[PDB]
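Note sheet for the following structure.
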Amino acid sequence: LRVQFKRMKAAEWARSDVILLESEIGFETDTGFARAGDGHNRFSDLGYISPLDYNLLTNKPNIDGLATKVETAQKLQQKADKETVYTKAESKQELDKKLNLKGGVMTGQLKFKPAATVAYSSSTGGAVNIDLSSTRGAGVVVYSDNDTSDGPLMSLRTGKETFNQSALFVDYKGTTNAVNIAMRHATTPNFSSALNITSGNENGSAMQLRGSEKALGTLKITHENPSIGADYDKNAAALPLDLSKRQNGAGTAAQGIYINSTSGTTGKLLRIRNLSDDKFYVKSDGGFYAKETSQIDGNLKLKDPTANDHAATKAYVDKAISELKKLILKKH
Amino acid sequence: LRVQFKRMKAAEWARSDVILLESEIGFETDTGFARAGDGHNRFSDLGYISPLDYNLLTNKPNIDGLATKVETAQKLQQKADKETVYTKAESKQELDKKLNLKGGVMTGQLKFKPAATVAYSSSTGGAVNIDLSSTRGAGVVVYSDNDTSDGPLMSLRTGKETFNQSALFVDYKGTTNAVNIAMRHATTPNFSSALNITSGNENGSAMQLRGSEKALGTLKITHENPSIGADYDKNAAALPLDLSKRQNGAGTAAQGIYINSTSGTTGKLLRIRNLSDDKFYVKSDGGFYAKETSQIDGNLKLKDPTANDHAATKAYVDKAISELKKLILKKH
Amino acid sequence: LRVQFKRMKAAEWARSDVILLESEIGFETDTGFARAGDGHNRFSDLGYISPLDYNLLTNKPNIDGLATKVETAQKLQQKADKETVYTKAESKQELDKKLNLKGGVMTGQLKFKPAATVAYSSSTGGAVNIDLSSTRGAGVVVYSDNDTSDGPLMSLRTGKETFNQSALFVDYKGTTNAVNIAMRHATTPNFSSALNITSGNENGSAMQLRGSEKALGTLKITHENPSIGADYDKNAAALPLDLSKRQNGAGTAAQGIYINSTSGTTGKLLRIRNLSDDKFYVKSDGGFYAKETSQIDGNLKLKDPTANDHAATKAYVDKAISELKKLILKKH
């Protein structure tokens, strides 16, 4: 036999009242599908003659091997966005603008404005502290090979009249010179000074100097001729003082050189020699000594003579003259 | 006809011995599915009357377009976790705490403790090296407008007695003053000094000074009256020395002023003038000159007179007196 | 009945000319599947007797819940690769090599080579600017407790002969000493100096000093015996000058001490005292005073006597002698 089954379009069955007997097959002509009845339900409620369940399929894929939207998002949440992170290059770029501890080159100004913890006292104080105890190099080196400038190499300035510290303070222990100033014998000459000092304070000495030398001068001044010409430096002097009055003032009464010995000295107060030969000196007691002929454009007030080599007085002459006068006048 | 087929529950077939002929259909009443026999196999081993193969389905999805767990994880492995990376903000935060090469403001102390490569010698040495050869600004500028402080602006200190370098060393070439110290004429006066120097070393001069001036003083001291009152500075002096003994000592024999010329000079060793007029001077040979009347509270030991204007001696008077005595005494 | 259907292998149907009537079932013996005809199409073009449409399956999975390759890649594109980002550790590593503004420790050299904006003038200039107006600490502190070294603590050097600024410049307002130099009384003695100054410039004074003291010395020199032995410092002096010629030169004519008062002074130009007692002095007018007996190894040229206590001249003696001679000679 060639069996044919109850048949009509899917659309047609869906509204038909035909009840297929149990296991009787129904055929959807427009789809080609079929359904079997259970003897009581209408076509549209029967099920197809073969499974339609995903769990029953063969060759299914690996669904569990696939990533879920949620799963991925959770993981992506832990990852850093490009926009909120610097690239190694950008980091390098910003780091190269910073100074290394190992050292570097500043091209701008470095200002110091200390909060000041307590800023100490002694060998660990200072905005800038340099300890050279373990190296043999220099501490601060400042130089200029420029033809001119509008400022000094180093400048120290205090402002208040109550400032109770020093500008510069040197505590020195060693075998050489503490402060060494050397003004190179210039090329284009100038009328300057190696060290220039000015004080407007009237109650304190411009410069104070105390030494405890055994066989030297506290202050040793040495002038050396700048020429080989015997009398080139005939205007020079090792030490020249000037006592001058004030700007539109009335005058001055200051003294030139004041020598004193508050505790009493034994030596000579003023000793003047040439080629290491005493030529003039003022002993500690006041008596002076002069090696060569001298001159006074005035009179000399002194004690009468007692020795044959003493300068004689008017009174001494007039007395000897008078006595001779009396002596001689006997007459006849 | 209304064909009905061999039928029983899925559970029932699974254990039945009924062998469906080839192509004969079997019907599962509780599921509604059917299977056709191959003429030898039991129901449970037949297959459904329609495919159950995922590869055969229509409208399948895009399985290959879906991401695999493995695939994603491999990619996520290359990505940087949030927890192990600084955000641009955090980076900025840490970078702003660092000093720029362009310059900045230090608010704390900067200590230097040089490893010391060799720390050089000359114009590239120093923990801090400042080269002002191409700019016109200052090098180191240190100032304080505070009313007081517990420390100095700049302090240099060496510790060992064998230290063979100087605290401060100035090598100067230029047209102005190498070191310029200026102590402003104070407001609240003090009994200080612009420059104060003290040496405890007995084998070396407190201060050494050498110059090669053509027409000046190596050391030029100038005192200017602080007042317009003619005799306000009657106690002052340009230069005052003091020769004092030690703490609970026995005395001192030091000399005040020592002038010498080891190579022999032509000039005047001591020249004292007023208004640029010679008033007193000690020639190079020792002879002195005095412009006005003088006084000696004692005797003067000198050579006999040869000129009519020479101070005469005792011996000269007594001789002329004696000769006149003899001369006169003839008598009768 | 036991119905059997038209049947043959899938391979066999695919090339058969058999036309199954509408709803007549065909059976693939090698697969076990079946197809129903539509009365005109060949077997291979009929469809299976049950759906094969993914949309129709039950228990489908959550396909939309799965992540797409595209979707993931787009998201991963925003994330930062490990290879192009520094880890917090690497960042810390590089940041710890940089100096903090709060301060730190330099272990290398810090060079300054100012672009120089204009580098100012006054209290904000300098490569290094230190403002201590709000703290009581030190500014620059430089010390060395090393036994020796090959360089100085601080060194300033200018190169051109046209340099128109000073090496070091101190502007000081306060109650103490501007520059304070102290050379500790050495352990291993040396033949140095606290301050050593040398000038090769012939047109300017080695050292210039100006003060406006009311009752002091501009320059105050004090020598204190280093011993308690009364005559230990019998070679010393507070101030010793030396006038020397040049290297293989001809001689020198320089002067020792030059005292002048360009504006005219009232005081004593040279005052020498012992225990605060005048022993010798040269008045402003040139007349000198000597407390004790003196000596001249030569002659003294002076004015004739007018007072009984004036040193008498040759001429005065010879005149009084002559007058007595005439006077006496009357005879008989």
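Naming works like this for the structure tokens: A, B, ... for the chains as they're shown, residue 1 at the start of each chain, ligands 1 onward in shown order.
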Checklist entry - Where in segment 47-212 of chain C does DSSP assign strand (DSSP E), given as a PyMOL selection string? => result chain C and resi 104-106+110-112+128-131+140-144+154-158+168-172+179-183+193-199+205-211
Next on the checklist: So that I can check the surroundings of segment 261-268 of chain B, please list as a list in words every protein, DNA and RNA residue that reaches within 9 Å of it, counting only C-alpha atoms and ignoring chain neighbours fewer than 4 positions away.
Outcome noted: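 My list of contacting residues is residues 230, 231, 233, 234, 235, 236, 237, 273, 274, 275 and 276 of chain A; 281, 282, 283, 284 and 285 of chain B; 241, 242, 243, 244, 245, 251, 252, 253, 254, 255, 256, 257 and 258 of chain C.
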Just N, CA and C atoms for this one: save the residues we selected as a CSV table (one decimal), in the first residue's frame.
```
chain,number,residue,atom,x,y,z
A,230,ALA,N,114.8,100.6,40.2
A,230,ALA,CA,115.1,101.0,41.6
A,230,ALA,C,114.1,101.9,42.2
A,231,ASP,N,113.7,103.0,41.6
A,231,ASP,CA,112.8,104.0,42.2
A,231,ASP,C,111.4,104.2,41.6
A,233,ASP,N,108.6,102.6,42.7
A,233,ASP,CA,107.6,102.7,43.8
A,233,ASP,C,108.0,103.7,44.9
A,234,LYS,N,108.4,104.9,44.4
A,234,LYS,CA,108.8,105.9,45.4
A,234,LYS,C,107.6,106.6,46.0
A,235,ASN,N,106.4,106.4,45.5
A,235,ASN,CA,105.2,106.9,46.1
A,235,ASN,C,104.5,106.0,47.0
A,236,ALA,N,104.8,104.7,46.8
A,236,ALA,CA,104.2,103.6,47.6
A,236,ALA,C,104.5,103.6,49.1
A,237,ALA,N,103.8,102.8,49.8
A,237,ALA,CA,104.0,102.7,51.2
A,237,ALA,C,103.4,101.4,51.6
A,273,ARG,N,113.9,99.5,61.3
A,273,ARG,CA,115.1,99.1,60.7
A,273,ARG,C,115.2,99.1,59.2
A,274,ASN,N,116.5,99.1,58.7
A,274,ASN,CA,116.8,99.1,57.3
A,274,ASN,C,117.9,98.1,57.0
A,275,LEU,N,117.6,97.1,56.3
A,275,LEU,CA,118.6,96.0,56.0
A,275,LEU,C,118.9,95.3,57.3
A,276,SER,N,117.9,95.2,58.1
A,276,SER,CA,118.0,94.5,59.4
A,276,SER,C,119.0,95.2,60.2
B,281,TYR,N,109.3,112.8,60.1
B,281,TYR,CA,109.6,111.6,59.4
B,281,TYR,C,111.0,111.1,59.7
B,282,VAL,N,111.1,109.8,59.6
B,282,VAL,CA,112.4,109.1,59.9
B,282,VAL,C,112.9,108.6,58.6
B,283,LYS,N,114.0,109.3,58.1
B,283,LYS,CA,114.6,108.9,56.9
B,283,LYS,C,115.1,107.4,56.9
B,284,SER,N,115.4,106.9,55.7
B,284,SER,CA,115.9,105.5,55.5
B,284,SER,C,117.2,105.2,56.3
B,285,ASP,N,117.9,106.3,56.5
B,285,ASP,CA,119.2,106.1,57.2
B,285,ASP,C,119.1,106.3,58.7
C,241,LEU,N,106.3,95.6,59.2
C,241,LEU,CA,106.3,95.7,57.7
C,241,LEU,C,107.7,95.3,57.2
C,242,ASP,N,107.6,95.1,55.9
C,242,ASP,CA,108.8,94.7,55.1
C,242,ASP,C,108.6,95.4,53.8
C,243,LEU,N,109.7,96.0,53.3
C,243,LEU,CA,109.7,96.7,52.0
C,243,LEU,C,110.7,95.9,51.3
C,244,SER,N,110.3,95.1,50.3
C,244,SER,CA,111.3,94.4,49.5
C,244,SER,C,111.2,94.6,48.0
C,245,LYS,N,112.4,94.4,47.3
C,245,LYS,CA,112.4,94.7,45.8
C,245,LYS,C,111.8,93.5,45.0
C,251,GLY,N,116.1,97.4,43.0
C,251,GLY,CA,115.9,97.9,44.4
C,251,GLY,C,114.5,98.5,44.6
C,252,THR,N,114.3,99.1,45.7
C,252,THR,CA,112.9,99.7,46.0
C,252,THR,C,113.0,100.9,46.7
C,253,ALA,N,112.1,101.9,46.5
C,253,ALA,CA,112.2,103.2,47.2
C,253,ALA,C,110.9,103.4,48.1
C,254,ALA,N,110.1,102.3,48.2
C,254,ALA,CA,108.8,102.4,48.9
C,254,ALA,C,109.0,103.0,50.3
C,255,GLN,N,107.9,103.5,50.8
C,255,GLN,CA,107.9,104.0,52.2
C,255,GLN,C,107.3,103.0,53.2
C,256,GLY,N,107.7,103.1,54.4
C,256,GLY,CA,107.2,102.1,55.4
C,256,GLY,C,105.8,102.5,55.8
C,257,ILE,N,105.6,103.5,56.7
C,257,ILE,CA,104.4,103.9,57.2
C,257,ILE,C,104.1,105.4,56.8
C,258,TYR,N,103.0,105.6,56.1
C,258,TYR,CA,102.6,106.9,55.6
C,258,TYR,C,101.3,107.4,56.3
```
Next on the checklist: For the helix (DSSP H, G or I) assignment from backbone DSSP, which residues of segment 17-209 of chain A qualify? Please present them as a PyMOL selection string.
Outcome noted: chain A and resi 43-45+54-56+63-65+69-76+82-84+88-95
Could you take the residues named above and write them with N, CA, C and O atoms, as a short mmCIF file (atom, residue, chain, number, x, y, z; two decimals), in the first residue's frame?
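As written to disk, part_29.cif reads:
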```cif
data_model
loop_
_atom_site.label_atom_id
_atom_site.label_comp_id
_atom_site.auth_asym_id
_atom_site.auth_seq_id
_atom_site.Cartn_x
_atom_site.Cartn_y
_atom_site.Cartn_z
N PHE A 43 -4.83 19.15 17.18
CA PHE A 43 -3.55 19.20 16.48
C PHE A 43 -2.54 20.19 17.05
O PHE A 43 -1.45 19.81 17.42
N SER A 44 -2.89 21.46 17.10
CA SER A 44 -1.96 22.47 17.57
C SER A 44 -1.29 22.20 18.93
O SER A 44 -0.27 22.83 19.23
N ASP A 45 -1.84 21.29 19.73
CA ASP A 45 -1.27 20.99 21.06
C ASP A 45 -0.48 19.67 21.09
O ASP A 45 0.10 19.32 22.12
N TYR A 54 17.33 20.64 22.83
CA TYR A 54 18.76 20.90 22.70
C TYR A 54 19.66 19.90 23.42
O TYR A 54 20.75 19.61 22.96
N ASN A 55 19.21 19.38 24.56
CA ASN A 55 20.03 18.43 25.31
C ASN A 55 20.21 17.12 24.56
O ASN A 55 21.18 16.39 24.80
N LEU A 56 19.28 16.83 23.65
CA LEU A 56 19.32 15.57 22.91
C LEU A 56 20.15 15.57 21.63
O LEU A 56 20.44 14.50 21.09
N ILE A 63 29.66 24.65 24.55
CA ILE A 63 29.05 25.85 25.10
C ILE A 63 29.73 26.30 26.39
O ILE A 63 29.88 27.50 26.63
N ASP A 64 30.14 25.36 27.21
CA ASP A 64 30.79 25.70 28.47
C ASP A 64 32.18 26.26 28.28
O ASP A 64 32.74 26.84 29.19
N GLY A 65 32.73 26.08 27.08
CA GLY A 65 34.06 26.57 26.77
C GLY A 65 34.03 28.02 26.32
O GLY A 65 35.08 28.65 26.13
N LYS A 69 29.33 37.08 29.09
CA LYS A 69 29.45 38.52 29.16
C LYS A 69 29.84 38.97 30.55
O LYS A 69 30.70 39.84 30.71
N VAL A 70 29.21 38.34 31.53
CA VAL A 70 29.44 38.65 32.95
C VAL A 70 30.84 38.31 33.39
O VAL A 70 31.55 39.10 34.01
N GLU A 71 31.22 37.08 33.05
CA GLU A 71 32.51 36.53 33.39
C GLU A 71 33.62 37.43 32.89
O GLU A 71 34.55 37.72 33.63
N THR A 72 33.51 37.87 31.64
CA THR A 72 34.51 38.72 31.01
C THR A 72 34.54 40.06 31.66
O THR A 72 35.60 40.57 31.98
N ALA A 73 33.37 40.65 31.84
CA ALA A 73 33.31 41.97 32.47
C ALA A 73 33.95 42.02 33.86
O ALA A 73 34.62 43.00 34.20
N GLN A 74 33.76 40.95 34.64
CA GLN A 74 34.34 40.88 35.99
C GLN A 74 35.84 40.91 35.94
O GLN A 74 36.48 41.50 36.78
N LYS A 75 36.38 40.23 34.95
CA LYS A 75 37.80 40.13 34.77
C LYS A 75 38.31 41.42 34.22
O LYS A 75 39.34 41.92 34.66
N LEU A 76 37.62 41.99 33.26
CA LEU A 76 38.08 43.25 32.68
C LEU A 76 38.08 44.37 33.70
O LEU A 76 38.81 45.36 33.54
N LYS A 82 43.75 52.28 29.53
CA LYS A 82 44.88 52.98 28.94
C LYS A 82 44.90 54.44 29.31
O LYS A 82 45.96 55.00 29.59
N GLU A 83 43.72 55.04 29.26
CA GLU A 83 43.52 56.45 29.54
C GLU A 83 43.92 56.89 30.93
O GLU A 83 44.23 58.07 31.12
N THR A 84 43.95 55.99 31.90
CA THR A 84 44.30 56.40 33.26
C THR A 84 45.66 55.93 33.71
O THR A 84 45.93 55.83 34.91
N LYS A 88 55.43 53.64 29.79
CA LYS A 88 56.81 53.72 30.24
C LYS A 88 57.50 54.93 29.64
O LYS A 88 58.29 55.60 30.30
N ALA A 89 57.18 55.23 28.39
CA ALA A 89 57.76 56.38 27.73
C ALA A 89 57.33 57.68 28.44
O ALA A 89 58.14 58.53 28.76
N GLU A 90 56.05 57.83 28.69
CA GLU A 90 55.59 59.02 29.36
C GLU A 90 56.24 59.08 30.73
O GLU A 90 56.66 60.13 31.14
N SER A 91 56.37 57.96 31.42
CA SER A 91 57.01 57.98 32.73
C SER A 91 58.45 58.43 32.62
O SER A 91 58.92 59.27 33.40
N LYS A 92 59.17 57.87 31.66
CA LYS A 92 60.56 58.25 31.47
C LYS A 92 60.67 59.75 31.23
O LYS A 92 61.51 60.42 31.79
N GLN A 93 59.79 60.25 30.37
CA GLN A 93 59.69 61.65 30.00
C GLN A 93 59.57 62.54 31.23
O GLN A 93 60.22 63.57 31.33
N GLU A 94 58.73 62.14 32.17
CA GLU A 94 58.52 62.94 33.36
C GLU A 94 59.64 62.72 34.37
O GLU A 94 59.98 63.61 35.13
N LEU A 95 60.21 61.53 34.39
CA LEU A 95 61.27 61.27 35.33
C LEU A 95 62.56 61.97 34.93
O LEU A 95 63.35 62.37 35.79
#
```
Next on the checklist: Just want the 8 Å neighbourhood of segment 299-309 of chain B, counted on only C-alpha atoms, with same-chain residues fewer than 5 positions away dropped. Output as a list in words.
Outcome noted: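 Those residues are residues 302, 303, 304, 305, 309, 310 and 311 of chain A; 315 and 316 of chain B; 292, 293, 294, 295, 296, 297, 298, 299, 300, 301, 302, 303, 304, 313, 314 and 315 of chain C.
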Selection: 7 Å around residue 149 of chain A, only C-alpha atoms, excl. self and same-chain fewer than 4 positions, as an mmCIF file with N, CA and C atoms, in the first residue's frame:
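Heads up, here's the output in out.cif:
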```cif
data_model
loop_
_atom_site.group_PDB
_atom_site.id
_atom_site.type_symbol
_atom_site.label_atom_id
_atom_site.label_comp_id
_atom_site.auth_asym_id
_atom_site.auth_seq_id
_atom_site.Cartn_x
_atom_site.Cartn_y
_atom_site.Cartn_z
ATOM 1 N N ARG B 136 74.623 86.370 33.603
ATOM 2 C CA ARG B 136 75.050 87.531 34.352
ATOM 3 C C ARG B 136 74.441 87.607 35.718
ATOM 4 N N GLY B 137 74.039 86.472 36.286
ATOM 5 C CA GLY B 137 73.363 86.500 37.589
ATOM 6 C C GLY B 137 74.323 86.206 38.742
ATOM 7 N N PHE C 163 86.109 91.402 34.420
ATOM 8 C CA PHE C 163 85.016 91.039 35.308
ATOM 9 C C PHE C 163 84.706 92.166 36.272
ATOM 10 N N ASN C 164 83.506 92.709 36.143
ATOM 11 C CA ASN C 164 83.076 93.829 36.944
ATOM 12 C C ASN C 164 82.187 93.513 38.148
ATOM 13 N N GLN C 165 82.312 92.327 38.718
ATOM 14 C CA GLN C 165 81.703 92.050 40.018
ATOM 15 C C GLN C 165 82.686 91.474 41.007
#
```
Next on the checklist: Applying 9 Å and only C-alpha atoms, which residues near segment 49-53 of chain C remain after dropping the ones on its own chain fewer than 3 positions away? List them as a ChimeraX atom specification.
Outcome noted: /A:27,31-35,48-52 /B:49-54,56-60 /C:25,33-36,56-57
Would you mind exporting N, CA, C and O atoms of the selected residues as a CSV table (one decimal), in the first residue's frame?
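Resulting contents of again.csv:
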```
chain,number,residue,atom,x,y,z
A,27,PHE,N,-0.4,15.3,9.0
A,27,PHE,CA,0.7,15.8,8.1
A,27,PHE,C,0.4,17.2,7.7
A,27,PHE,O,-0.6,17.5,7.1
A,31,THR,N,4.6,22.6,5.5
A,31,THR,CA,5.9,22.6,6.2
A,31,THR,C,6.5,21.3,5.9
A,31,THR,O,7.8,21.2,5.8
A,32,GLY,N,5.7,20.2,5.7
A,32,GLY,CA,6.2,18.9,5.6
A,32,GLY,C,6.4,18.1,6.9
A,32,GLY,O,7.0,17.1,6.9
A,33,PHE,N,6.0,18.7,8.0
A,33,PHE,CA,6.1,18.1,9.3
A,33,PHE,C,4.9,17.3,9.6
A,33,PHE,O,3.9,17.4,9.0
A,34,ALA,N,5.0,16.4,10.7
A,34,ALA,CA,3.9,15.6,11.1
A,34,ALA,C,3.9,15.5,12.6
A,34,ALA,O,4.9,15.8,13.3
A,35,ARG,N,2.7,15.2,13.1
A,35,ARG,CA,2.5,15.1,14.5
A,35,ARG,C,1.6,13.9,14.7
A,35,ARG,O,0.8,13.5,13.8
A,48,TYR,N,5.7,17.4,17.8
A,48,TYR,CA,6.2,16.8,16.6
A,48,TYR,C,6.6,15.3,16.9
A,48,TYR,O,6.8,14.9,18.0
A,49,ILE,N,6.7,14.5,15.8
A,49,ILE,CA,7.0,13.1,16.0
A,49,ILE,C,8.5,12.8,16.3
A,49,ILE,O,8.9,11.7,16.3
A,50,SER,N,9.3,13.9,16.6
A,50,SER,CA,10.7,13.7,17.0
A,50,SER,C,11.1,14.8,17.9
A,50,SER,O,10.7,15.9,17.8
A,51,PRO,N,12.1,14.5,18.8
A,51,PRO,CA,12.5,15.5,19.8
A,51,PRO,C,12.9,16.8,19.2
A,51,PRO,O,13.3,16.9,18.0
A,52,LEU,N,12.8,17.8,20.0
A,52,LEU,CA,13.2,19.2,19.7
A,52,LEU,C,13.8,19.7,21.0
A,52,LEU,O,13.6,20.8,21.4
B,49,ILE,N,13.0,9.0,14.3
B,49,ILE,CA,12.7,9.0,12.9
B,49,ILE,C,13.1,10.3,12.2
B,49,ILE,O,12.8,10.6,11.1
B,50,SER,N,13.9,11.1,12.9
B,50,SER,CA,14.4,12.4,12.4
B,50,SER,C,15.7,12.8,13.0
B,50,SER,O,15.9,12.5,14.2
B,51,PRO,N,16.6,13.4,12.3
B,51,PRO,CA,17.9,13.8,12.8
B,51,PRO,C,17.9,14.5,14.2
B,51,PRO,O,16.9,15.1,14.5
B,52,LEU,N,19.0,14.3,14.9
B,52,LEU,CA,19.2,14.9,16.2
B,52,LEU,C,20.7,15.3,16.2
B,52,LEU,O,21.4,15.1,17.1
B,53,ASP,N,21.1,15.9,15.1
B,53,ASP,CA,22.5,16.3,14.9
B,53,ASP,C,22.6,17.8,14.8
B,53,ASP,O,22.2,18.4,13.8
B,54,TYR,N,23.3,18.4,15.7
B,54,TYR,CA,23.5,19.8,15.7
B,54,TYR,C,24.0,20.4,14.4
B,54,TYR,O,23.7,21.5,14.0
B,56,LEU,N,23.1,19.6,11.5
B,56,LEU,CA,22.0,19.6,10.6
B,56,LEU,C,21.0,20.7,10.8
B,56,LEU,O,20.2,21.0,9.9
B,57,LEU,N,21.0,21.3,12.0
B,57,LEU,CA,20.1,22.4,12.3
B,57,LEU,C,20.2,23.6,11.4
B,57,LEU,O,21.2,23.9,10.8
B,58,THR,N,19.1,24.3,11.3
B,58,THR,CA,19.0,25.5,10.5
B,58,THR,C,19.1,26.7,11.5
B,58,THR,O,19.0,26.5,12.7
B,59,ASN,N,19.2,27.9,11.0
B,59,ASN,CA,19.3,29.1,11.8
B,59,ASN,C,20.3,28.9,13.0
B,59,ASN,O,19.9,29.2,14.1
B,60,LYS,N,21.4,28.3,12.7
B,60,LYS,CA,22.2,27.9,13.9
B,60,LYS,C,22.7,29.3,14.3
B,60,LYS,O,22.5,30.3,13.6
C,25,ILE,N,5.1,8.3,3.3
C,25,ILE,CA,6.4,8.2,3.9
C,25,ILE,C,7.5,7.4,3.3
C,25,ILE,O,7.2,6.2,2.9
C,33,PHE,N,16.2,7.6,9.1
C,33,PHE,CA,15.4,8.8,9.0
C,33,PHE,C,14.3,8.6,7.9
C,33,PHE,O,14.4,7.6,7.2
C,34,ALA,N,13.3,9.4,7.9
C,34,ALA,CA,12.2,9.3,7.0
C,34,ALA,C,11.8,10.7,6.5
C,34,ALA,O,12.1,11.7,7.1
C,35,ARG,N,11.2,10.7,5.3
C,35,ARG,CA,10.8,12.0,4.7
C,35,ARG,C,9.4,11.7,4.1
C,35,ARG,O,9.2,10.6,3.7
C,36,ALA,N,8.6,12.7,4.0
C,36,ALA,CA,7.2,12.5,3.4
C,36,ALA,C,7.2,13.4,2.1
C,36,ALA,O,7.8,14.5,2.1
C,56,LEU,N,13.5,26.4,17.0
C,56,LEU,CA,12.5,25.6,17.6
C,56,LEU,C,12.9,24.7,18.7
C,56,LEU,O,12.0,24.1,19.4
C,57,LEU,N,14.2,24.5,19.0
C,57,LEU,CA,14.6,23.7,20.0
C,57,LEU,C,14.3,24.1,21.4
C,57,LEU,O,14.0,25.3,21.6
```
